[PDB]
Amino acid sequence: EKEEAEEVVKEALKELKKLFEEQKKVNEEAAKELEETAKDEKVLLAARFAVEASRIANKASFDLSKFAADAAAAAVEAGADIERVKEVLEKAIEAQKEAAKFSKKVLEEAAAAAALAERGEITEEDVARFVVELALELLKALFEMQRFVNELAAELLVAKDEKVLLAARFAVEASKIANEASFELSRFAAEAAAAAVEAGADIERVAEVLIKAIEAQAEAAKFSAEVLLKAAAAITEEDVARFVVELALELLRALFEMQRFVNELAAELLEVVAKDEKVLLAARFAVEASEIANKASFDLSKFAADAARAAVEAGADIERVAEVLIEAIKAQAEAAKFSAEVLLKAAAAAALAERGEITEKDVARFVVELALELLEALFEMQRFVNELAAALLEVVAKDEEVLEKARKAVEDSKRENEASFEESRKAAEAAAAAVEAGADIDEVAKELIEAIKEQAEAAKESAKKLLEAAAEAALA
């Protein structure tokens, strides 16, 4: 029974291993042939990209297939109908074959556009667009495999306990929301490389940044698999809630690390594009301001999970705590996408300035109004997480004297967050009025960075005093 079920899993992983290394040898020999038809270096630079990126798609294909097998093995160890395990293993084998057929389809596009360009007609920008468009193709393909395999691993996770099943539902929900945000962050890194190619940047810098973004997806893909395999590797009702909080913190931490790595990939792509000094200062200002907003949002998401930690140690049930953590993770995903859209629009305006279509005052005006958009989105998240902390307090604060001190602390943070945005808004419309009067972007950006950091400082101190009140309410 279960021993035979463990025999089907090991043979499934055995087949997945040979499928992965048969496709490895097929693609590795298609790379030598791709080296032959690489007349001129630009074709070889694109051929080596398609080869290196296809080896990532094939390697990430097996890592996601092995995760499905390890998830199926864990199901057998803790009760499993063997026919639903065979069904999941069969679907994972088809996904490996499908991802293998795509890794070769990538090299088909490479060899086609290769000799086509050396024959003529195809310019280097079309080769540069081919590399960028291919980057989009693999990033989307890796996300679909991870979404499909995580769906299979969801069906596997066995609990036989409502509370533990609610925790498995949270792990599946939180990982799916984070994997969607990581895909959109890597997509913005590829959309930034598309604006750099159409602006005149060299494909060599664009190619290596895209490889950084492709590998970032695979590393986050395996991390999400390892945490979900920890979730399967499960008692105490409070240790289940402690797992949910620690899982929510790890995904928020990996999401910010993706926001940080992708933010730095945009700075590299702006350095090659922004050849003008004053436009480079606007690019470097928007890059830093966007990253500051990423830290502040992550600090506001970590405060929510820390407030949820103080709630589970006070005795709040897992169900309400899982809701607040779900709302916090998607709140960080909203900021991650919003901060990426702001930085994407900044790269476009810098490209317009490089082409000469807009002036430097237009770029200075644009990065200032983008700074206010980030200051508003940070303030809207401060009010959102403040509502979540007030919700968690309404469950743990039962003594009317404890509730009164807690509700007062929620109000004080509401006034502190509001007043901090007024300070950041006054400085925003002051820096905008300076741009129109002809003030140098160096001084405007310097004073706006200090305003954004001062709101981030006020947000930290407000969250510190608020988490303090929730902790004392838990002690009583």
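Residue positions are given as counts along the sequence shown, with the first one as 1.
- Missing deposited residues between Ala234 and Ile235: 4 to 9, all without coordinates in the entry.
- According to the entry, the deposited sequence has 1 to 3 residues without coordinates between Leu157 and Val158.
- The mean C-alpha temperature factor is higher for 5-13 when 5-13 and 452-460 are set side by side.
- Per-stretch averaging of Cα B factors for 54-62 and 37-45 places 37-45 on top.
- Sorting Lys278, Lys176, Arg365, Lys101 by the CA temperature factor given in the entry leaves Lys278 at the top.
- Looking only at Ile292, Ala333, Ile326, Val312, the residue with the top Cα B factor in the deposited structure is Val312.
- Compared with the other modelled residues of the chain, the Cα B-factor recorded for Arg253 ranks in the lowest third.
- When the modelled residues of the chain are ordered by C-alpha B-factor, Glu416 sits in the lowest third.
- In the PDB entry, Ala432 places in the middle third of its chain by CA B-factor.
- When the modelled residues of the chain are ordered by C-alpha B-factor, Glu264 sits in the lowest third.
- In this PDB entry, the Cα temperature factor of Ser186 sits in the bottom third of its chain's modelled residues, the lowest group.
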